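**Q** my sequence and its experimental structure, below.
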Amino acid sequence: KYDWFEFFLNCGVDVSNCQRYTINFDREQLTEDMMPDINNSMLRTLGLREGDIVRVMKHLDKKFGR
């Protein structure tokens, strides 16, 4: 099972939100292979705060060379 908590922490998300977002990603069946498909709309659907959407997308864009 993918460690979403570590991923959010590495994005600079605050520890409380890391817990909440991990619960949500796990429940909603998000996996590592889906990371290239993640966009702002989806993160908003998954309940991320606007600041955290920015942080996570900045990380993913850097990861995937965008």
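**A** Received the coordinates, thanks. Numbering: from 1, shown residues only.

**Q** correct me, but residue 19 touches residue 13?
**A** No: using CB atoms under 8 Å, residue 19 is not in contact with residue 13, being 9.8 Å away. For every residue, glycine as well, the C-beta is placed using N, CA and C.

**Q** tell me which of the two has more neighbours.
**A** Applying other CB atoms under 10 Å to residue 19 and residue 13 shows that residue 13 carries more neighbours, namely 23 against 14.

**Q** now do the SS call for that one.
**A** At residue 13 the chain is in coil, as set by DSSP: H, G, I helix; E, B strand; the rest coil.

**Q** contacts only, for it.
**A** Neighbour list for residue 13: 21, 52, 55-56 [criterion: CB atoms under 8 Å, 6 or more residues apart in numbering].

**Q** and of the residues you listed, the nearest to residue 2?
**A** Distances from residue 2 to the contacts of residue 13, taken as CB to CB, are shortest for residue 21 (12.7 Å).

**Q** what's near enough to touch residue 64?
**A** So residue 64 contacts 35-36 (CB under 8 Å, 6+ apart).
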